[PDB]
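Visitor: Here's a structure for you.
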Amino acid sequence: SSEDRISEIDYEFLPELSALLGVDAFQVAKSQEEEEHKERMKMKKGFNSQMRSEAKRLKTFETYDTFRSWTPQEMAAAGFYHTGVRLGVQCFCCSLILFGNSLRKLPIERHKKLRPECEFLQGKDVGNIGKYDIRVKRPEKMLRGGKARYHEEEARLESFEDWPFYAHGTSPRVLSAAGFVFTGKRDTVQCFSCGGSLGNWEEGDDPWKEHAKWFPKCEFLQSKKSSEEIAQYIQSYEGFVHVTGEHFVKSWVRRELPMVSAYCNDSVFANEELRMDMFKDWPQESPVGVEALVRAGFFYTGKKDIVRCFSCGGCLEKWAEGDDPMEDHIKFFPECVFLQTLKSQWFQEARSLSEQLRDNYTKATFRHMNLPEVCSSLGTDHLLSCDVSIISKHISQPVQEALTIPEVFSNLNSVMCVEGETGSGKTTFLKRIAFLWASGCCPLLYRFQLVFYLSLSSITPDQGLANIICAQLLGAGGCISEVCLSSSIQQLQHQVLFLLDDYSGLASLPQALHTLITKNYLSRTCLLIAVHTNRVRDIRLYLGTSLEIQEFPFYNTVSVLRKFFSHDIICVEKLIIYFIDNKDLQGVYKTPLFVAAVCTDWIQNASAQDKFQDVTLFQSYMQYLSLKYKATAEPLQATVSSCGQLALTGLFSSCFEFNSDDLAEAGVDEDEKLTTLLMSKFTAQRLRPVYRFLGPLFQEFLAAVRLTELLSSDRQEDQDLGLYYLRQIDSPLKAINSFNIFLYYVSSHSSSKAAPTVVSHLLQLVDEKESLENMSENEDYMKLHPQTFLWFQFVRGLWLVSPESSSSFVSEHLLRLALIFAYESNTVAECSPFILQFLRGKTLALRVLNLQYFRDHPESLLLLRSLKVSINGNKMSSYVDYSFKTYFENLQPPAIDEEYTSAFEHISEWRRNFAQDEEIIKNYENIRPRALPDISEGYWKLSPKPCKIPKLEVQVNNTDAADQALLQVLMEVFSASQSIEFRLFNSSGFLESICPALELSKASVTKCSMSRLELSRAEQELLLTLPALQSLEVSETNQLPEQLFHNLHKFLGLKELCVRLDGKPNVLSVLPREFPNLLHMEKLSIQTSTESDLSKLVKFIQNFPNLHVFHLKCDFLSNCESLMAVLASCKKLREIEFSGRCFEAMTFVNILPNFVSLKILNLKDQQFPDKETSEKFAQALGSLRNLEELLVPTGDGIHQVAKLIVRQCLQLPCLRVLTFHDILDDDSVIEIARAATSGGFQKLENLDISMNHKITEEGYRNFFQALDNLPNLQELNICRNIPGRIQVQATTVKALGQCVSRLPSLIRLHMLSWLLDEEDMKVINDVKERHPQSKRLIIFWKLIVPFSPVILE
Amino acid sequence: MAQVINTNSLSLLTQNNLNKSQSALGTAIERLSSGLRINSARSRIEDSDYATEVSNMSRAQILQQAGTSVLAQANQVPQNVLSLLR
């Protein structure tokens, strides 16, 4: 089982990942390793004979994802071809499958560590010719017999006896019938036909076709098939269209290092000849050991004794003179690499020109990438293994193909201009071709002898050919005549590539170079022309295929960063972790120019340890542009301002498509040299110009730069334009979600002047009444970051559950933005007024105490209303709710039509969805640590009594035990609060776990809320002993506390208490008569399905000094009239909320008809059927004025005097919530049109008409046709009346009220019986997308049902 | 100290941490999914529908919450898988 199983995770660097990523790489690591083992076993194993060559291995990497860490080139060099099963590369020799790239350097090290028996690593003939392999091998007959000694198939079929197992698909019989003769090497089959030693054979290919394609002079093929067949087969594929077999023999480009394992040549430091600067640093004129460190094959990077080899790049060190390494590195040195290998005359002018081209291209200055001197200080030749993507466009058809480097290198026979962005990799790609044509590591270019690389922007329209050649490629080395230099192009007709750079700004090319690019009838030379995307139309009329330099793949950038920051690798891991969740920013690295900017910023400004790296990237790109274009500083500033104005026009209109009119309106000229970096003129369909920038996010950063240079400018017109474009950010959602990265880009510049302006604008976005409808942002700009869609949905959900907490989240992020502005620009002193005014009345969390604004400015804590904390504890929460009864048991006909089946979701389906949600939550948090609050930094450990926050509402998540590290934080932070509220939900036992915490600060409590739990005697004493307590709340308890609750009646300085209870409660009689401390009642909440009340007849219920809330109730039978005759007595009791038949016939006449002191006496849940009792009751209850949430009670025959009741309710000009319950006569329904609502009630917000019986005649109509500017009804919840109405009333309401609007506020729709077919759900979706509530409106129409739907078929 | 660097910027790891922790209400309704189904009454003509919609309206609101939160967290659990995958 040792060989069957395999582990791909090394535990040496697992704590580092635990520290960085924030979770131990143990659980997910083991799970992933197991899954990889299972599917690796499942997948096919064996010797993949056909695609054994690295050419095909890289050809299978077209579908490979570009977000990786190991480059496809290295993966294929180690033999890891793309199997196609979630990037599961495989050792082609032994089927060692590595599902994921990782550290252990190049894949070879991990290969050896995991399975050291892939015979790949033995050096024997296994069939691993290189990625740039040429099928035509060299002719080395050296045999007895010559060309013509044998003439029979059986004469030479004996040679194929030793046929390798890696070429079994091509049977020896067909090869012998094709004239092929085996030699003895791997597959170097020296054909009987005039040598023809070509061969690299794979199953499925035609030896006849290959023989025709590479040899037209084969006498054997000429005899077997006619010249018609020869010419038919020569057109089978596009390859070496002008190269015979004799060109490769004496080719001026030849091999340098073996490619059997093509890793000892992937590095430029492979051979000694490719290390002239790295080798001959010691001058030959010195009397010292000039060749001490040269002949050993060790590449030296300018460091005194730090020398490394090419055998495996070993760390053989500490010589300083050229002696043996037998001093310090004897053995067992860390990360050993070295021991892994050793222990186990018109043509002669062209020839000289090619030699000098190769010598100049091997030079360090040309070969090294155009990195900044900070980046390119060391030899940047470890990044040469990085290539760019290539795509060929058809002649006229819109069909494009993705070709790898071997494909493109093979297919070079006509004009194919290279296209992209400014410096997007045309120069790098063309230099790479010029260098791989000379380094020998690309046998595909053993044909080319006069590959030419030139920049066409440095050439006058009347220059020559050898003049430019000597002035741009040879320097002073050119002294030969041009008489035969322009004849070598005709003596070497097609094998001449042109790497033309900077052709963009050319219209009249030099005449000497005009006979080779204009007509392809005689020269037919390959063309590789570097053209920006803004100037393709010049050549597009004259192309067969056209190359494009696509996006730099992310793994190339990752590789470059790894090579650079090899010591501080942890920072690169942090960057990778950043871009893993920043999926929107994976494509930000548009260019090796961007990569260079990031590297330079990291090295210089020490921004490596910066939590955000896209901001660093774009700021570094701006710094690069400013440093390079500092001579033309004013033109650069004008271009930046104009292009950022273009971005302001576009993105703020959610547009990225730009034309000549838009660009001219912005202010950019279409003929500026340096505007290409900020504009590319794309030809949209075929001839209509359109404009796209260097990157789609560089445009957003451009907008940021334009905004800061407009707001930080002295011109009043500039300030007005900047403010005009600010004002379009009129929603906090834009600043928090979409333009959040944009505003962070703005803040990246330490703008002293612009920071107060931006801070005032941002903190003015939230006021008493903001235009929240502006949160509906257009989706095209949100398509730039899909994380904006994700976070927008999250903020929207947080909005629908709890607008206060959603506002707290948005305000916390807005304050983080404002403080980032203030501290980055060091403008805290003048931002203090705006920041204080914003923070006044805020309700942020506890983490906001860890920003510097409360250590630098401790006093600011006095302005916040609260700083709440909550810890996500875990427990089984063994509870029994009663939502199952009366709602999951009875009334179960699911009669349906089966055309509306999407309306009803079975409880099984929603339970499955919830289980999946809990599974992803558990995957996230089980690996997570306990996640204690972060109070580590500073401020809290201060001596001189800074301040005391108003409210520290605590609410732990279903926790009953305070850990040793949790209770300490609780008791340390509770002392900071002058009023510690208590929110304890399902915390029956956490009370004594916070008893030590509360003991030191018992008085500072003000409210203790207890929701649906059972208390203990050992903890109830604390609640009874809260001296300066204002409130205590116990609610949602479903069982009477006959003996479990010890004693809750005698507080010390009580101001209010609540013992709310459900089930069959008699709380007006439980907790026996002794109630010593009921002295200063303020706020009590006890719903009671009363069973006994006489215990509290002459008790406190009349002694209420300043009582506010009264959430009482009376439900079934227990002396309702007596209880509410003794309880309706109010002196100043404001809120008397109720949930059922609260009053009675003659026991609601004492003071409610003739008083004012009420606030939130609510009557939503009233329903009784008795007629005469309600008729004889509602003459009383009169009118009030200070009431706020009075709702209408029930009564079947009550309407006759309820009309007068609502008439008196019109005298209540302070209400906000109402019900208008159960009107039946339908002749008093007109009374409540202007009664209370509309005709008065200047600040009514909510109006719920739940479960009415007689909204059929007008009902809905008076609330939808007679509105007439009642603009404060923000919550109109009108549930339908399936047993009280018909149907078409809803349709008429939708047609009239929705169309007329007339209310700038409303609330969403209703449910429980109403569903229709799927065709018009699209209609209602379109209607939702019509009016501006589109991006916020949710239509509730899905009923999560416990019954499986039944079709009435 | 933090006068030239935006150190207070949420790293999109801590942003998800407060996404999970500083949520609106937590698990006051998510647990009804497990509670309701496991492995006399007073249901009258009017005592059968007690405005059960809001319970389902709240259920759908917090289902949207859970969908959004687990989308943010299914953009973050793959962090652990892909970082080992590098």
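One is the number of the first residue shown, and numbering goes on along the chain from there.
Just so you know, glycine gets a Cβ as well, placed from its N, Cα and C.
Straight from Swiss-Prot, here's the annotation block:
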type: REPEAT; residues: A:54-121; note: repeat 'BIR 1'
type: REPEAT; residues: A:153-221; note: repeat 'BIR 2'
type: REPEAT; residues: A:272-339; note: repeat 'BIR 3'
type: BINDING; residues: A:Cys309, A:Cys312, A:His329, A:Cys336; note: Zn(2+) binding site
type: DOMAIN; residues: A:414-709; note: domain 'NACHT'
type: BINDING; residues: A:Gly423, A:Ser424, A:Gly425, A:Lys426, A:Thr427, A:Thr428; note: ATP binding site
Visitor: If you run the three-state DSSP split on A:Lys426 (ATP binding site), which class comes out?
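Guide: Its secondary structure by DSSP: helix.
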Visitor: Please report, as a whole number of Å, how far the Cα of A:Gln345 is from the Cα of A:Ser344, with 44 residues unmodelled between the two.
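Guide: Logged value, Cα of A:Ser344 to Cα of A:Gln345: 50 Å.
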Visitor: What other residues of the same chain, not counting A:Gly423, A:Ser424, A:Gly425, A:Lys426, A:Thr427, A:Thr428, have a CB atom within 8 A of the CB centroid of the ATP site?
Guide: A:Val388, A:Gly420, A:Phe429, A:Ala530, A:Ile549, A:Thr591, A:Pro592, A:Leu593
Visitor: Go through the binding-site residues A:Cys336, A:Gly423, A:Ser424, A:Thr428 one by one and keep only those whose Cβ is less than 8 Å from a Cβ of chain B; report them in sequence order, or 'none'.
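Guide: Near chain B, no listed binding-site residues qualify.
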Visitor: Other than its own, how many Cβ atoms are within 10 Å of the Cβ belonging to A:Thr428 (ATP binding site)?
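Guide: I count 22 other Cβ atoms within 10 Å of it.
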Visitor: With DSSP helix as H/G/I and strand as E/B, how many residues of the repeat 'BIR 1' (A:54-121) fall in helix, strand and coil?
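Guide: Result for the repeat 'BIR 1' (A:54-121), in helix, strand, coil order: 23 helix, 7 strand, 38 coil.
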Visitor: Pop the Cα-Cα gap between A:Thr428 (ATP binding site) and A:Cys309 (Zn(2+) binding site) into the table, whole Å please.
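Guide: Given the Cα positions, A:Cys309 (Zn(2+) binding site) is 27 Å from A:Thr428 (ATP binding site).
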Visitor: Fewest other Cβ atoms within 10 Å: which of the binding-site residues A:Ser424, A:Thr427 wins that one? Let me know.
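Guide: Counting other Cβ atoms within 10 Å of each of the binding-site residues A:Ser424, A:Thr427 gives the minimum at A:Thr427.
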Visitor: If you count other CB atoms within 10 A of each CB, which of A:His329, A:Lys426 wins among these binding-site residues?
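Guide: Output for this query is A:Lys426.
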Visitor: Can you tell which of the binding-site residues A:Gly423, A:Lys426, A:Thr428 lies nearest to A:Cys312 (Zn(2+) binding site) in space, using Cα positions?
Guide: A:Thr428
Visitor: To the nearest Å, how far is the Cα of A:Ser424 (ATP binding site) from the Cα of A:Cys336 (Zn(2+) binding site)?
Guide: 38
Visitor: Roughly how many Å lie between the Cα atoms of A:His329 (Zn(2+) binding site) and A:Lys426 (ATP binding site), rounded to a whole value?
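Guide: Answer for this pair: 44 Å between alpha carbons.
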Visitor: Taking only same-chain residues 6+ apart in sequence, whose CB is under 8 Å from that of A:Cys336 (Zn(2+) binding site), what do you get?
Guide: A:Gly314, A:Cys315
Visitor: Enumerate the residues of the same chain, A:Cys309, A:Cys312, A:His329, A:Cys336 excluded, that satisfy the criterion Cβ within 8 A of the mean position of the Cβ atoms of the recorded Zn(2+) site; list them in sequence order.
Guide: A:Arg308, A:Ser311, A:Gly313, A:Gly314, A:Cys315, A:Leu316, A:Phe333, A:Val337, A:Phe338, A:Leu339, A:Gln340
Visitor: How do the residues of the repeat 'BIR 3' (A:272-339) split into helix, strand and coil according to DSSP?
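Guide: Split by secondary structure, the repeat 'BIR 3' (A:272-339) comes out as 8 helix, 4 strand, 56 coil.
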Visitor: Under DSSP, the repeat 'BIR 2' (A:153-221) has how many residues in helix, strand and coil?
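Guide: Here the numbers are 30 helix, 0 strand, 39 coil.
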